[PDB]
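> Residue numbers (the deposited numbering), protein chains in the order written: chain A, 55 to 220; chain B, 332 to 386; chain C, 218 to 244; chain D, 25 to 518; chain E, 41 to 320, 338 to 387; chain F, 239 to 526. Note that CB positions come from ideal geometry on N, CA and C, so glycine has one too.
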Amino acid sequence: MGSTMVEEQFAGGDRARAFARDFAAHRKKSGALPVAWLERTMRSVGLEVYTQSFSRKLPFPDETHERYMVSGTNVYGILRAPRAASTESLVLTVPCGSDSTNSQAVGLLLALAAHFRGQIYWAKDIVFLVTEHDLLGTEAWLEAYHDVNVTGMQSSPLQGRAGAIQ
Amino acid sequence: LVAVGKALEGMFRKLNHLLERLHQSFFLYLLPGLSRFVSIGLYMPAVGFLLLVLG
Amino acid sequence: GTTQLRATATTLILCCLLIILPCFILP
Amino acid sequence: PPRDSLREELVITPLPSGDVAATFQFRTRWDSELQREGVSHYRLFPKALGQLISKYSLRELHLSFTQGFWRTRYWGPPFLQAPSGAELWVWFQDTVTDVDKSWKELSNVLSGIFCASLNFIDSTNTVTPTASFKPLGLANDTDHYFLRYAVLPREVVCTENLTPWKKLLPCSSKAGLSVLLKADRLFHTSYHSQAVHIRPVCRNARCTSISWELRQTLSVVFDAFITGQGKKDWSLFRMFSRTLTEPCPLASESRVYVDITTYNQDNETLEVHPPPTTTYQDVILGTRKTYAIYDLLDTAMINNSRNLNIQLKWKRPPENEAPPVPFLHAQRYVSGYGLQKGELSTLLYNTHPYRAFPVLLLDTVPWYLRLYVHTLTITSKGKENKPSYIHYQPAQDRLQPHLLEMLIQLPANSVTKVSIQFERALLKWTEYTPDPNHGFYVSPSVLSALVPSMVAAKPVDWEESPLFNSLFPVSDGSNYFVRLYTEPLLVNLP
Amino acid sequence: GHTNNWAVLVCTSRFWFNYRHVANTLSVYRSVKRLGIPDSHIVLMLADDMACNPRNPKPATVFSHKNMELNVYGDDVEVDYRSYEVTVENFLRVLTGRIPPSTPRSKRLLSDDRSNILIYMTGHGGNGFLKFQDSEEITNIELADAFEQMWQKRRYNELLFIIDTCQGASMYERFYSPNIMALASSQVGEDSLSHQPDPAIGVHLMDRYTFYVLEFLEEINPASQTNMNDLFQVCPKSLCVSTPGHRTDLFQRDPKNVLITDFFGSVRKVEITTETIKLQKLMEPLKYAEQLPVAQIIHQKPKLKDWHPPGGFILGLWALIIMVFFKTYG
Amino acid sequence: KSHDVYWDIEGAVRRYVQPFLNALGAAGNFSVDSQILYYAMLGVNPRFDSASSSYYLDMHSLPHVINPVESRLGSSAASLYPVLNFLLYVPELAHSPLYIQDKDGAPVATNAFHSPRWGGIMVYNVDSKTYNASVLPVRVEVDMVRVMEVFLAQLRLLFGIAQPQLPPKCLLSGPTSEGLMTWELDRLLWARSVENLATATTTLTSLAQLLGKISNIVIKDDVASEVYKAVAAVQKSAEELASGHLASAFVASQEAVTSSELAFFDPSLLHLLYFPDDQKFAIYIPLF
Ligand SMILES: *NCCOP(=O)(O)OC[C@H]1O[C@H](O[C@@H]2[C@@H](OC[C@H]3O[C@H](O[C@H]4[C@H](O)[C@@H](N)[C@@H](O[C@@H]5[C@@H](O)[C@H](O)[C@@H](O)[C@@H](OC(=O)CCCCCCCCCCCCCCC)[C@H]5OP(=O)(O)OC[C@@H](COCCCCCCCCCCCCCCCCCC)OC(=O)CCC/C=C\C/C=C\C/C=C\C/C=C\CCCCC)O[C@@H]4CO)[C@@H](OP(=O)(O)OCCN)[C@@H](O)[C@@H]3O)O[C@H](COP(=O)(O)OCCN)[C@@H](O)[C@@H]2O)[C@@H](O)[C@@H](O)[C@@H]1O
Ligand SMILES: C[C@@H]1CC[C@@]2(OC1)O[C@H]1[C@@H](O)[C@H]3[C@@H]4CC[C@H]5C[C@@H](O[C@@H]6O[C@H](CO)[C@H](O[C@@H]7O[C@H](CO)[C@@H](O)[C@H](O[C@@H]8OC[C@@H](O)[C@H](O)[C@H]8O)[C@H]7O[C@@H]7O[C@H](CO)[C@H](O)[C@H](O[C@@H]8O[C@H](CO)[C@@H](O)[C@H](O)[C@H]8O)[C@H]7O)[C@H](O)[C@H]6O)[C@H](O)C[C@]5(C)[C@H]4CC[C@]3(C)[C@H]1[C@@H]2C
Ligand SMILES: CCCCCCCC/C=C\CCCCCCCC(=O)O[C@H](COC(=O)CCCCCCCCCCCCCCC)COP(=O)([O-])OCC[N+](C)(C)C
Ligand SMILES: CCCCCCCC/C=C\CCCCCCCC(=O)O[C@H](COC(=O)CCCCCCCCCCCCCCC)COP(=O)(O)OCCN
Ligand SMILES: CC(C)CCC[C@@H](C)[C@H]1CC[C@H]2[C@@H]3CC=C4C[C@@H](OC(=O)CCC(=O)O)CC[C@]4(C)[C@H]3CC[C@]12C
Ligand SMILES: *[C@@H]1O[C@H](CO)[C@@H](O[C@@H]2O[C@H](CO)[C@@H](O)[C@H](O)[C@H]2NC(C)=O)[C@H](O)[C@H]1NC(C)=O
Ligand SMILES: *[C@@H]1O[C@H](CO)[C@@H](O)[C@H](O)[C@H]1NC(C)=O
Ligand SMILES: *[C@@H]1O[C@H](CO)[C@@H](O)[C@H](O)[C@H]1NC(C)=O
Ligand SMILES: [Ca+2]
Ligand SMILES: [Mg+2]
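1. Please confirm whether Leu395 (chain D) and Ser412 (chain D) have their CB atoms less than 8 Å apart.
2. Tell me whether the region 95-114 of chain E and the region 208-217 of chain D touch, counting them as touching only if at least three CB pairs, one residue from each stretch, are closer than 8 Å.
3. Should the region 473-481 of chain D be regarded as contacting the region 339-355 of chain D, the criterion being three or more beta carbon pairs within less than 8 Å?
4. Compare the beta carbon distance of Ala354 (chain D) and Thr152 (chain D) with 8 Å and say whether it is the shorter of the two.
5. Along the chain, which unbroken stretches of the beta strand (DSSP E) at least 3 residues long are found entirely within the region 374-444 of chain D?
6. For the alpha helix (DSSP H) that contains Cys232 (chain C), what are its first and last residues?
7. Under 8 Å between the Cβ atoms of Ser29 (chain D) and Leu58 (chain D)?
8. Quick check on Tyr212 (chain E): does DSSP put it in helix, strand or coil?
9. List the residues of chain C whose Cβ lies closer than 9 Å to the Cβ of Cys51 (chain E), in chain order.
10. Mind listing which residues of the region 53-84 of chain E have their C-beta closer than 8 Å to chain B's C-betas, in chain order?
11. Identify every residue that forms a DSSP beta bridge with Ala163 (chain D).
12. By Cβ distance below 8 Å, which residues in the same chain neighbour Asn203 (chain A) in space, the five residues on each side in sequence not counted?
13. For ligand 3, is there a heavy atom less than 7 Å away from the beta-carbon of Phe241 (chain C)?
14. Residues of the region 266-284 of chain F in Cβ contact with chain D at a cutoff of 9 Å, in chain order, please.
15. Pop quiz: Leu320 (chain D) and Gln49 (chain D) are said to be a contact at Cβ under 8 Å. What is the actual Cβ separation, rounded to whole angstroms?
16. Could you tell me which of D:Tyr318, D:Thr251, D:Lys256, D:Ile137 sits nearest to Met263 (chain D), measuring between CA atoms?
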């Protein structure tokens with residue numbers, strides 16, 4: 055990483071803002087993480103989109119995050135690396151929670167995915183993961199991805215993986 | 332937002348330049364700043380001196 | 218540039234030999 | 025009357041995901057007794073590959089160099105699939121005595137021929153399948169004592185491997201469809217496979233005599249976003265940086281097939297800018313497929329006065345018009361975290377609504393990933409599944425890999441999970457690769473099955489059918505044979 | 041007085057960022073192929089693949105110049121040893137001839153007594169060692185011994201050991217066999233430095249020493265009579281920050297009288313032939346094998362019975378136990 | 239596209255090449271095989287003359303001819319024995335009247351040349367009587383006797399057999415059917431035996447000197463047995479050459495060469511890489 059250099063060509067700053075506005079509007083309409091819109095937009099930008107549905111019951115009500123039983127869906131699309139088998143992976147995740155935030159993060163993630171999709175110089179798959187219920191969705195996704203039931207989270211089986219995350 | 336995206340793209344491209352798992356650098360450290368660090372062999376005496384009292 | 222594998226004679230052989238000989242045999 | 029003939033072809037099939045896949049095949053058939061020493065005069069059939077059959081007693085030889093992994097679910101069934109890296113499975117004649125010695129000698133010779141590090145094929149990589157990889161040509165008997173199969177998942181394929189491959193063709197990239205093989209464009213692809221297949225076939229329709237066939241194939245897949253970049257229009261020039269100019273003078277058949285089937289539209293077809301010579305329909309891979317034939321041997325289609333540039337209009341179909349997911353696909357992954365123990369889990373998807381078909385899973389795991397066969401569980405639809413036939417051989421440290429073959433019956437509309445536990449092994453400091461923190465590659469698993477077909481296929485004539493339809497023998501009209509390979513697995517040892 | 045020329049071009053670097061060494065080796069390979077050395081007389085060993093590396097922005101291309109001007113990785117490259125088979129042991133076996141008996145003719149150095157041999161080795165080096173793939177090293181003593189064995193077997197007429205690495209002069213400090221002349225990119229205390237940083241490709245394309253060796257060899261033709269002195273004077277301290285070095289005491293001929301073509305090229309001797317020899338219906342058809350014979354697969358393996366210890370074994374164990382019991386209890 | 243070349247290489251090998259190599263088989267075992275290489279191009283473009291309307295390959299351009307074709311020829315990875323390539327070149331329609339010129343600039347009668355230790359190349363021009371028809375490709379049935387005469391003469395020249403040097407006032411007999419006179423075979427066998435014995439002696443001496451100089455070379459029982467066989471064979475071959483039996487001497491020298499090469503080039507000699515002598519104290523001090 056120190057003996058190489060990169061020339062950044064990211065110019066999709068307006069695409070990221072448009073995606074942010076669309077995601078914010080759809081989240082406001084849905085009242086939760088917009089799954090249909092996310093899966094349509096990831097397909098449009100060219101990712102191999104997937105969906106994971108998780109659920110859990112907390113030991114006691116969580117006053118700070120206002121949750122007792124948490125049900126959510128994780129939307130993630132995998133950019134299969136051309137010229138390589140699905141053996142390695144890089145993850146770009148946006149922690150999305152019911153706080154009317156991270157819409158710009160989701161838009162920038164989608165714009166970055168659109169920029170990355172058309173390139174050939176990827177030796178590792180890139181997973182663009184949009185979690186739900188902040189770190190709860192991330193923990194459920196990681197447990198399902200590695201097939202370790204460490205915290206008793208319930209989730210639907212994963213259908214798509216990008217190899218060993220690095 | 333273009334600058335943030337450029338930073339993220341550069342980070343991911345340089346990560347893609349890796350030919351193996353990150354094993355170099357350090358895993359146990361303390362950061363008294365963004366560009367400064369203290370390794371395990373240099374902060375361990377702080378705990379060891381306190382444990383010497385118990386011993 | 219690089220580093221070949223070379224034994225740390227002063228650092229470790231001396232230490233791990235003076236941990237045995239003066240501790241047990243000579244005195 | 026020459027005793028050998030050359031047929032070459034190029035099939036261009038648009039994929040359901042918007043990509044375009046092109047497969048070259050250069051079949052040379054020789055009516056000679058290469059199995060016995062004495063055939064020393066070579067035309068069309070390469071001398072480099074002809075002498076191997078006699079020097080080492082060979083019945084069938086199959087070599088493949090592949091980059092990438094065929095995404096079956098999103099790309100549809102392939103004509104030919106190969107595992108990542110090098111794959112070499114060979115069938116020795118019954119007259120041979122030291123199968124392993126001939127295997128080592130042949131592997132080294134093939135390494136020298138194809139400029140690949142095939143000398144790394146050892147007892148640690150080689151396996152002897154008991155029920156998989158049956159002969160692809162005429163076979164009197166199937167004694168698996170004479171079968172060796174090895175795969176090197178980390179082998180790379182580049183121009184250093186394509187140039188020897190291209191130099192084995194009679195035209196040698198000077199004429200015919202071989203001029204389209206540009207190294208820059210071929211490796212600017214999601215998938216790339218170079219294969220060399222040698223097998224005996226019927227000399228005539230009576231099939232009372234043996235004729236030797238060499239089939240050199242090259243399959244590539246052009247991504248819709250990388251290559252197209254939003255152009256949404258495909259062409260031979262845009263794909264290979266070169267247009268067809270003349271057919272190979274040695275070839276008795278040089279045609280280009282372009283798949284023009286619309287799965288959703290009512291009998292409509294895709295648009296091709298130059299009118300095809302003829303339109304051909306038949307049951308390929310279980311579905312009625314319409315093909316446009318561009319006979320390069322016809323002066324009325326291509327001659328010295330003009331070049332040929334086939335332009336195809338193809339974009340990703342909407343969700344409504346997307347073809348149904350193939351009946352069989354599989355994915356492989358590693359379960360757990362850490363550097364002590366894990367699981368090699370394989371998911372086998374049967375998407376057929378009402379038909380259950382058997383599958384043949386072949387696993388080859390290196391010796392450092394010590395497997396525990398008592399932990400092998402096959403759970404389909406949430407309940408235990410008992411394989412009809414299970415063969416397992418244990419690995420020996422530095423001498424043998426694990427081999428595990430199962431014949432599982434996949435229930436209809438189900439996902440079957442095959443998981444086995446392993447413990448990572450600590451090796452000596454000199455037994456690691458130069459990149460020891462990268463990990464060790466687990467060879468891709470092989471899935472053989474007889475997938476049911478939508479419509480019945482009539483008996484086919486291998487000398488009067490497209491070369492992509494004669495790759496595998498067909499035994500039943502309503503079933504076709506597929507050999508899927510899962511993803512390579514990267515595992516880290518302590 | 042030589043009639044045969046061989047070249048062994050070794051890259052000892054096994055990672056993407058070490059693009060310089062692969063480009064150097066491929067550039068030298070293209071130079072010696074233009075100058076008339078056949079690819080069958082070239083043992084090209086590359087430790088890693090950069091043309092078809094998945095991280096390559098331009099696949100199947102290795103570039104020598106910053107603006108994609110020259111592609112050394114063309115379409116007629118013969119890579120004999122690649123990836124993990126480029127090791128110190130393999131290189132020593134190739135040099136000394138002690139190669140496994142099944143090694144094909146492509147991966148051997150069949151050099152005779154009258155053969156002038158060029159050895160180009162680029163990679164990461166140090167004080168008396170050149171690292172191979174960042175896991176093993178070839179010391180100056182080991183290389184000197186290998187060249188001595190080559191001399192005693194009389195397998196080279198004269199040897200040109202070109203090395204492009206940090207502290208490159210330390211490798212030939214222990215050479216004692218005759219008819220060997222060695223070139224280094226740096227002295228014992230210097231370090232070799234790179235050239236042409238390319239942001240588009242993303243790595244350093246080539247080293248200064250090999251780049252200027254190519255530039256000096258781009259003016260070389262078969263008719264060129266350039267002596268080895270001009271090769272010794274390539275890349276002075278003005279351009280190469282490290283000062284290149286050489287030794288010529290082992291060489292038995294004055295370098296002013298030695299042509300560069302003698303090592304970097306081979307022209308074939310051709311004699312016009314002016315002589316002639318003055319000559320004067339099997340009934341049973343054949344069948345393809347069934348690809349998935351499920352019924353045969355199930356019944357080929359005999360029925361699985363649960364394993365139980367032999368009756369003889371259990372009887373013997375119990376007999377021994379009761380015998381000991383009676384010998385103890387009387 | 240313009241040439242359809244058919245040659246009866248099987249009959250030519252059976253009638254001429256195989257009898258010739260049966261005569262020449264006293265020097266070893268011979269393997270004969272053929273191939274047709276399509277679209278195989280000479281590196282140098284022939285020069286044209288407006289007067290004779292024919293193309294030429296100058297003598298200075300001859301050495302560069304055989305390098306491009308060797309890539310299409312290949313490497314013959316099956317075996318490690320020396321390979322002798324005898325190419326028959328049919329010029330394209332672009333330079334159909336292709337002629338090779340000697341030093342004086344006159345055309346070569348045989349239109350062929352040979353390179354030492356490699357083989358020979360013969361340019362096979364096609365008669366214009368075949369070109370009389372305007373249809374293409376024209377069928378080219380080459381004449382095997384004319385080609386094989388040149389190829390066998392080149393084989394004789396390559397193997398060291400030259401034109402017999404008659405003593406003054408002497409008449410030499412006519413050529414035999416095989417093309418080789420038996421006494422020439424005897425000279426070749428004498429030379430082969432002497433060269434084999436010299437090579438075996440040099441190999442054994444080099445092995446002894448290598449063992450003396452380097453002390454981490456492993457000598458296995460197989461290597462020792464091969465060395466003993468080589469020494470015995472060298473002594474026996476020298477005795478028989480002194481006695482006068484050339485066949486037994488040749489066989490003994492061949493066995494000596496084989497044994498000496500097997501002993502010297504055994505992979506088992508190189509077993510482990512050098513362990514530095516200035517680092518063994520770190521191995522033996524800490525415990526002993
Ligand atoms: N062009 C040009 C180019 O460039 P140039 O210019 O050339 O330049 C550049 C370059 O550079 C570079 O360089 C280099 C590189 O390198 C790299 C590398 O890498 C890798 O390596 C790495 C690794 O990995 C790591 N690991 C590390 O490691 C280390 C090592 O190595 C070293 O050697 C060291 O350090 C080690 O250590 C040691 O050694 C130690 C030892 C010594 C000492 C001993 C001791 C003695 C004794 C003791 C005491 C005594 C006793 C008495 C007392 C009384 C290591 O380290 P580590 O590992 O980290 O660790 C350490 C350790 C561990 O830890 C331990 C601890 C322990 C724990 C605990 C203990 C116990 C405790 C107990 C308890 C207490 C008790 C109580 C009682 C009381 C009561 C009351 C009364 O280890 C060890 O071993 C240790 C030892 C042990 C001992 C002992 C035991 C213990 C203890 C005992 C004591 C005490 C106790 C008792 C008692 C007390 C009390 C009582 C009273 C009376 O290393 C490295 C790094 O450095 C490799 O590679 P890879 O990749 O991996 O692979 C490859 C192949 N495949 C190599 O090879 C390489 O080389 O670079 C570098 C840097 O890097 P970085 O990354 O940055 O870093 C990292 C870090 N981490 C540099 O430096 C070099 O130079 C070159 O080469 C190239 O590359 C380039 O080019
Ligand atoms: C009192 C009670 C009892 C028990 C206890 O407490 C309670 O006792 C305490 C006490 O007893 C402790 C020990 C005391 C002694 C300690 C020794 C210490 O080693 C020294 O640690 C120093 C820390 O500043 C230096 O090491 C540097 O550490 C940095 C990280 O903190 C690295 O960042 C740097 O290396 C980097 O390398 C890459 C370069 O690009 C960088 O510029 C350079 O910063 C290192 O320094 C390097 O260290 C290397 C050795 O590991 C070489 O020396 C190297 O030198 C290079 O050498 C090249 C040739 O080879 C030359 O070309 C080049 O110019 C040189 O730079 C040198 O840079 C120094 O170096 C190294 O020795 C070790 O870590 C921990 C140690 C054991 C301690 C462990 C914990 C204890 C036991 C405590 C314990 C709890
Ligand atoms: C756990 C209990 C079990 C007990 C079991 C005991 C069983 C084992 C007991 C004893 C085994 C003895 C092993 C060591 C004997 C000599 C080793 C040696 O010096 O090799 C030198 C290294 O050169 C150096 O670096 C020397 C530097 C220091 C030498 C250390 C002195 C130790 C000598 C006294 C130690 C004790 C001996 C007598 C003691 C009175 C030179 O040798 P070499 O030629 O380079 O090596 C090549 C090897 N061959 C080819 C020659 C074969
Ligand atoms: C009283 C009853 C018990 C009391 C104490 C019990 C619990 C103690 C357990 C753990 C405490 C020991 C602390 C671990 C020390 C870790 C230091 C270490 O590993 O450093 C590493 C290098 O270390 C070394 O080189 C050798 C280390 C030798 C350690 C020997 C001393 C350890 C323990 C001694 C005693 C501890 C306290 C005792 C007091 C009662 C990494 O170095 P770096 O800084 O990353 O690199 C910079 C340049 N090299
Ligand atoms: C209950 C208390 C008293 C425990 C006693 C503490 C000791 C275990 C500590 C105190 C000082 C330490 C030493 C301080 C310095 C060094 C030098 C250090 O060597 C180096 O400088 C590194 C060389 C290398 O990296 O190769 C190795 C550890 C060592 C011996 C340390 C080993 C552990 C020691 C003896
Ligand atoms: C992880 O383990 C927990 C507990 O063992 C599982 O939770 C059960 O999930 C099932 C549905 O799959 C429910 O019917 C049970 O009521 C749950 N029990 C408890 C105690 O929560 C959870 O499903 C597991 N997760 C995964 C991915 O396997
Ligand atoms: C074939 O050649 C003739 C003569 O030049 C030309 O008129 C014709 O168009 C060519 N064929 C095609 C399909 O263009
Ligand atoms: C020549 O071949 C025959 C038969 O294969 C064999 O017996 C003989 O030993 C061979 N000659 C030599 C010198 O090996
Ligand atoms: Ca070569
Ligand atoms: Mg490292």
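Reading off the structure:
1. What you label residue 395 (chain D) is simply residue 371 of the fourth sequence in a count that begins at 1. What you label residue 412 (chain D) is simply residue 388 of the fourth sequence in a count that begins at 1. Taking 8 Å as the Cβ cut-off, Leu395 (chain D) and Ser412 (chain D) do not qualify as a contacting pair.
2. yes
3. With the cut-off at 8 Å, the region 473-481 of chain D and the region 339-355 of chain D touch.
4. Within the fourth sequence, the letter at position 330 stands for residue 354 (chain D). Within the fourth sequence, the letter at position 128 stands for residue 152 (chain D). Not closer than 8 Å, so no.
5. DSSP runs (the beta strand (DSSP E)) wholly in the region 374-444 of chain D: 381-389, 393-404, 413-417, 426-434.
6. Here the question's residue 232 (chain C) lines up with position 15 in the third sequence. Per DSSP, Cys232 (chain C) is one residue of the alpha helix (DSSP H) stretching across 231-235.
7. For the purposes of this step, residue 29 (chain D) is identified with residue 5 of the fourth sequence, where counting begins at 1. For the purposes of this step, residue 58 (chain D) is identified with residue 34 of the fourth sequence, where counting begins at 1. Contact: no.
8. Within the fifth sequence, residue 212 (chain E) is the residue found at index 172, counting from 1. Helix at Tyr212 (chain E).
9. Along the fifth sequence, one-based indexing puts residue 51 (chain E) at 11. The premise fails here: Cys51 (chain E) is roughly 15 Å from chain C at the closest Cβ pair, so nothing lies under 9 Å.
10. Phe55, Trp56, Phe57
11. Mapped onto the fourth sequence, residue 163 (chain D) falls at position 139. Bridge partners of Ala163 (chain D): none, in fact.
12. Numbered from its first residue, the first sequence carries residue 203 (chain A) at position 149. Excluding its 5 nearest sequence neighbours in each direction, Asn203 (chain A) has C-beta neighbours in its own chain below 8 Å: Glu197, listed in chain order.
13. In the third sequence, residue 241 (chain C) corresponds to position 24, counting from 1. Flag unset: Cβ of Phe241 (chain C) not near ligand 3.
14. Within the region 266-284 of chain F, the qualifying residues are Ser269, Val270, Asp271, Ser272, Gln273, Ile274, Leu275, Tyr276, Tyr277, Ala278, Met279.
15. Locating residue 320 (chain D) in the fourth sequence gives position 296, counting from the first residue. Locating residue 49 (chain D) in the fourth sequence gives position 25, counting from the first residue. About 14 Å separates the beta carbon of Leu320 (chain D) from that of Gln49 (chain D), a gap too long to meet the 8 Å contact definition.
16. Taking the fourth sequence and counting its residues from 1, the one referred to as residue 263 (chain D) is at position 239. For the residues D:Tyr318, D:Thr251, D:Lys256, D:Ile137, the minimum Cα distance to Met263 (chain D) belongs to D:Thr251.
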